[PDB]
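One chain is shown next in C-alpha cells, namely the form deposited in one PDB entry.
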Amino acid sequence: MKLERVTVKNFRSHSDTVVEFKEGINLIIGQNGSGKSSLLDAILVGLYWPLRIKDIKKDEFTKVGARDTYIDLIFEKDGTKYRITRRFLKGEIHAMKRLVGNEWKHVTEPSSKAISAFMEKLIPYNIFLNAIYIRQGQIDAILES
C-alpha cells in the first residue's frame, strides 16, 4: 500500500490542505496545534469512514463559514491506483474509484455502506491499525510491564 495525495478542506484547522506523499521517508514536521495530528485523522476518515472521528459531521447555524467538509485520498495497492472522495454537507457524498486507462471508474456503488464493505476486503481496518499505522502512545503501550 502506498499513499499518493490527501486533500482536506474544512476539517478542524485544515481550510485547504494538500499533501503529496512520495517514496521513502516522508517527515511531516510541526508543533502541536499545527494540524499534523488531524491530517492523520483525515487519512483514516478517507479510508475507513464510517468510524468515530469528531468534527466530520457538523451542524450549521449560520452561512458565515458554511462549507462542506471534503477529504480526497489517492493511494495505491497491488498495482491499482484508487481514489476515495468524501463530502460531508453541513447529507453525505462518497465515491471510490480505480484508475482504468485514463479514467477514474467506480469500484462499487457510491455510498458509505458499499465503500466501507469494499475497503474491509481491500485493506481491512485492523491490518491498517495493527500493521501499518503506529498511533501515538502505541510504542508505550507495548512496553507495559
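In this text, residue numbers run from 1 along the sequence as written. If you superpose the two forms and keep the largest set of C-alpha atoms that fall within 1.5 Å, you have the rigid core.
The form deposited in another entry is left out here; the points below concern that form.
Among the candidates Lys105, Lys36, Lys113, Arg67, the CA atom that moves 2 angstroms or more between the shown form and the other one after core superposition belongs to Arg67 alone. A movement of the C-alpha atom of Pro124 falling short of 2 angstroms is seen between the shown form and the other one when the two forms are aligned on their rigid core. Put the two forms on the same core and the Cα of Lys58 is off by 2 Å or more between the shown form and the other one. Between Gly35 and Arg52, the Cα spacing is larger in that other deposited form than in the shown form, differing by no less than 3 Å.
Between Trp49 and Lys58, the Cα spacing is smaller in that other deposited form than in the shown form, differing by no less than 3 Å.
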